[PDB]
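Novice: Taken in order, these protein sequences are the chains called C and A.
If you count the first sequence from 1, position 6 lands on 825 in the deposited numbering, and the numbers rise without skipping.
If you count the second sequence from 1, position 221 lands on 836 in the deposited numbering, and the numbers rise without skipping.
Ideal placement from N, C-alpha and C gives every residue a C-beta, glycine not left out.
Pasting a structure here, questions to come.
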Amino acid sequence: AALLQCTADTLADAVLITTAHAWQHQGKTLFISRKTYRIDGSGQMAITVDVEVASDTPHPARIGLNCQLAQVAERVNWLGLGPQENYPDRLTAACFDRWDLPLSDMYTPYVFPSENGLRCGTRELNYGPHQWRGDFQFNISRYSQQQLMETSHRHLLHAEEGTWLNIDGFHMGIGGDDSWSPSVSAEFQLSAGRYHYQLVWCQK
Amino acid sequence: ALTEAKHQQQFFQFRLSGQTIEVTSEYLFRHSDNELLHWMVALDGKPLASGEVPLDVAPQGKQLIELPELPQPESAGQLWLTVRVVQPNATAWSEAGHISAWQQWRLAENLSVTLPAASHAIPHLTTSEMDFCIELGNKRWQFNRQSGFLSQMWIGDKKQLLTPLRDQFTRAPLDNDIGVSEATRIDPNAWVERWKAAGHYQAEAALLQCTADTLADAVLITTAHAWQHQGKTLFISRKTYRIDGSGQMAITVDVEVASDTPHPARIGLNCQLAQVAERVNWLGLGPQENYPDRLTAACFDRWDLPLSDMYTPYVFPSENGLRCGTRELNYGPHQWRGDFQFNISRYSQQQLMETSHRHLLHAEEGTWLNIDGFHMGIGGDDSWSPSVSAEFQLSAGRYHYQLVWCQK
């Protein structure tokens, strides 16, 4: 990530900070991300994310915000498709309702570690004191994305300190018809080039 | 629509694989004896490479054609590979130089990490009870506080708009939208009747919030409107106009649509420009009109056409002359950037649907411009029933588009 622009201003009602990043590989820019965090007088932070993706590059698996929360709550309450994990390619079975599950249920123990426990169409996510609003996809877990791909078995996985949260506004379809060849459908892939999502981060 | 049929019925197919192009002949009996393949490579409509290849394809056969190594433009933008099949020699049914088949690809996009900000000057606003006023050098922007829409723009020693810039959720009903529905016979299934019952055409804008602030670099005004019919809100539109120190106005529009309501024909900004220029220059799919449902024939390039060409004279007046995938639109001094769909015309959307014939149409004062970030597919398989495909309809519920409005 290369910080090309970072500014901070105060509106009359709230404080607004505008930033813009760029991801570059061997001199070529892959993604350009522009964000405008707004800190309401109530404490609610509205993050507006506008992401541009190059056409030459293969489409990204997800367009997302991710962070590691130091707090580890026993329960996860969210309003969206559930209760089990679901993806854009596979969410017809999932039902929209207010769901409440333990943190362990939010993680699918596939023998071969990978991306798991994603809930789509979530309007509200309550984890501990934190709360996230807007329509997004999340897969809160104790294991980071970097740890899963490096790990070969599920028993080797160690619960990382705090909790890893991946709030992605857009996610690629998982597929698929077969394993040996790319089977993700065209419409499920993230090939728009430009993407936008806004989530309101607040406490309690 | 005839250029769409021509492109879909062309007797040469194309499958690009990196540098090499593959031409498959759909001819059953004749060999490509009089064919000439020409390919152009351009960024931002600017040709960087061109070449001619003698097309010598067998019937139902496929030919692999390698292109010379192409230049890599350091200037940011999107490269386009356009190939076309030209007939060098004349024929009994066609002139020499006739184009029979064409195809365009998208390759080697270069994102711009350049920083527009910031100019030495700084815009200035003056807040009053009546409205909002923003001044920068020769230019002055005014935002009406009663309605929430900007009422007037200024240059010089000069004037701009004839009608305030507002959100647009409807279009002039096409023959497909109308269907077999008449005044004597109401048809529930027709799109035009669903839109009438929902009250899209008669939806009034309600200014729920309007604020104005000044950032260090630029002036930012945030507004939010709502369209309500019989006590029910149909759309909620939130906008954050940003007036750069250079004079460039970046309009960020976020629109929410109810699920109960039938999906809007377009999500759009529209206004009436007092200026009437003879030519229209735009960068996008063209040169002829094209829609999300019908744009495969359209080719992306820098197009320049008279204002009359931008209007399609259908005998029965309706929505027409729309150009999709437009990155830049130059009309007179005005300029609009970002990816959008536009159909600049002399006739308003309200005039077209009320009019029954094309000869009754009178050119309204100034020029009507409809810049829509999203537009519904026109269809269709048949006229008498709704034939717009699901993916082409505007059914996401939430929509977002941002365009940069500047002068010169």
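I'd like the span of the alpha helix (DSSP H) that includes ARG809/A, first residue to last.
Specialist: Here the alpha helix (DSSP H) through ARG809/A covers 806 to 813.
Novice: Pull up the DSSP beta-bridge partners for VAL834/C, would you.
Specialist: DSSP, once it has assigned bridges, lists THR829/C, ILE858/C as partnering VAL834/C.
Novice: Out of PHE931/C, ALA978/C, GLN887/C, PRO902/C, state which residue places its alpha-carbon closest to the alpha-carbon of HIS949/C.
Specialist: With distances taken between Cα atoms, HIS949/C lies closest to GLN887/C.
Novice: With 16 as the cutoff for other CB atoms within 10 Å, does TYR929/C come out buried or exposed?
Specialist: Its Cβ having fewer than 16 others within 10 Å, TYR929/C is exposed.
Novice: What's the gap between the Cα of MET991/C and the Cα of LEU884/C?
Specialist: Rounded to whole angstroms, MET991/C to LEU884/C spans 15 angstroms at the Cα level.
Novice: Closer than 9 angstroms, Cβ to Cβ, to anything on chain C: give me those residues from the stretch 700 to 730 of chain A, in chain order.
Specialist: Residues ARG721, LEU722, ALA723, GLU724, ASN725, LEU726, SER727, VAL728, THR729, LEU730.
Novice: Please decide whether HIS735/A counts as near chain C, where near means a Cβ-Cβ distance under 8 angstroms.
Specialist: Answer no: the Cβ-Cβ gap between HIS735/A and chain C never drops below 8 angstroms.
Novice: Look at the Cβ atom of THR867/A, then the Cβ atom of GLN757/A, and state whether they are nearer than 8 angstroms.
Specialist: No; because the gap between Cβ atoms is not below 8 angstroms, this pair is not in contact.
Novice: Counting only the same chain and skipping the five closest in sequence on each side, list residues whose C-beta sits under 6 angstroms from that of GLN625/A.
Specialist: Taken in chain order, the residues that qualify are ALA716.
Novice: Which chain A residues are close to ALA873/C, counting only those with a beta carbon under 7 angstroms from its beta carbon?
Specialist: Neighbours of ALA873/C on chain A, chain order: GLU724, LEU726.
Novice: Is the shortest distance between the beta-carbon of residue 1075/A and the beta-carbons of chain C less than 8 angstroms?
Specialist: Within the shown structure, residues of chain A are numbered from 616 to 1023, placing residue 1075/A beyond reach of any answer.
Novice: Measure the beta-carbon distance from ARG938/A to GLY988/A and round it to whole angstroms, keeping in mind my assumption that it falls under 8 angstroms.
Specialist: Rounded, the Cβ-Cβ distance is 14 angstroms, inconsistent with contact.
Novice: When the Cβ atoms of the stretch 724 to 744 of chain A are set against those of the stretch 853 to 870 of chain A, are three or more pairs found closer than 8 angstroms?
Specialist: Touching, per the Cβ criterion.
Novice: Give the range of the beta strand (DSSP E) segment to which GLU650/A is assigned.
Specialist: Counting along the chain, the beta strand (DSSP E) containing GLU650/A begins and ends at 650 to 658.
Novice: With the cut-off set at 8 angstroms, would you say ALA841/A and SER762/A are in Cβ contact?
Specialist: Taking 8 angstroms as the Cβ cut-off, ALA841/A and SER762/A do not qualify as a contacting pair.
Novice: According to the neighbour-count rule (16 or more other Cβ atoms, all chains shown, within 10 Å of its Cβ), is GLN634/A buried or exposed?
Specialist: Exposed, since its Cβ has fewer than 16 Cβ neighbours within 10 Å.
Novice: What is the rounded straight-line gap between the Cα of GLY862/C and the Cα of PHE1007/C?
Specialist: Approximately 35 angstroms, taken between the alpha carbons.
Novice: On the DSSP letters alone, give me the boundaries of the beta strand (DSSP E) that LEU777/A sits inside.
Specialist: Looking at the DSSP string, the run of the beta strand (DSSP E) that includes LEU777/A is 776 to 783.
Novice: Starting from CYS914/C, follow its DSSP beta bridges and name the residues at the other end.
Specialist: In DSSP, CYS914/C forms a bridge with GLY901/C.
Novice: Look up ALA620/A in the DSSP assignment and say whether it is helix, strand or coil.
Specialist: In this structure, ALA620/A counts as helix in the three-state DSSP scheme.
Novice: For the stretch 699 to 711 of chain A and the stretch 676 to 687 of chain A, state whether three or more C-beta atom pairs, one from each stretch, are separated by less than 8 angstroms.
Specialist: Cβ pair count under 8 angstroms is below three, so no.
Novice: Would you kindly report the start and end of the unbroken alpha helix (DSSP H) that includes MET968/C?
Specialist: Per DSSP, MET968/C belongs to the alpha helix (DSSP H) from 964 to 969.
Novice: Just curious, the beta strand (DSSP E) that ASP746/A is in, first and last residue?
Specialist: Note, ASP746/A: beta strand (DSSP E), 746 to 751.
Novice: Buried or exposed: which applies to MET745/A, given that a residue is buried once 16 or more other Cβ atoms fall within 10 Å of its Cβ?
Specialist: It is exposed - the Cβ of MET745/A has fewer than 16 other Cβ atoms within 10 Å.
Novice: Mind checking whether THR785/A and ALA873/A have CB atoms under 8 angstroms apart?
Specialist: Their beta carbons are not under 8 angstroms apart, which means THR785/A does not touch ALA873/A by this criterion.
Novice: Relative to the C-alpha of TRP769/A, which residue among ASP869/A, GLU750/A, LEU643/A is closest?
Specialist: Of the candidates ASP869/A, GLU750/A, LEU643/A, the one whose C-alpha sits nearest the C-alpha of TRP769/A is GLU750/A.
Novice: In terms of residue numbering, what span does the beta strand (DSSP E) encompassing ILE866/A cover?
Specialist: Per DSSP, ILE866/A belongs to the beta strand (DSSP E) from 864 to 872.
Novice: Can you have a look at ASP916/A and say buried or exposed, based on whether 16 or more other CB atoms are within 10 angstroms of its CB?
Specialist: Answer is buried; the Cβ neighbour count reaches 16.
Novice: Show which residues of chain A have a CB atom less than 8 angstroms away from the CB atom of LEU823/C.
Specialist: Chain A residues near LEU823/C: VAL728, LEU730.
Novice: Answer yes or no: do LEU670/A and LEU643/A have a C-beta to C-beta separation smaller than 8 angstroms?
Specialist: For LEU670/A and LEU643/A, no; Cβs fall outside 8 angstroms.
Novice: DSSP on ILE737/A, reduced to helix/strand/coil?
Specialist: Looking at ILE737/A - three-state DSSP - the assignment turns out to be coil, as it is neither helix nor strand.
Novice: Could you pull the DSSP bridge partners for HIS1015/A from this structure?
Specialist: Answer by DSSP bridge pairing, in chain order: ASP869/A.
Novice: Cβ atoms of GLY936/A and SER960/A: under 8 angstroms apart, would you say?
Specialist: Result yes, Cβ atoms of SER960/A and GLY936/A sit closer than 8 angstroms.
Novice: Please return the same chain residues whose Cβ sits closer than 6 angstroms to the Cβ of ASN896/C, not counting the five positions on each side in sequence.
Specialist: Excluding residues within five positions, the ones whose Cβ falls inside 6 angstroms are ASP919, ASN945.
Novice: Residues of the stretch 669 to 694 of chain A with a CB closer than 8 angstroms to any CB of chain C: list them in chain order, please.
Specialist: So the list reads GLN693, given in the order they occur along the chain.
Novice: For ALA827/A and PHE747/A, which I take to be in contact (beta-carbon distance under 8 angstroms), what is that distance rounded to the nearest angstrom?
Specialist: About 5 angstroms; that satisfies the 8 angstroms criterion.
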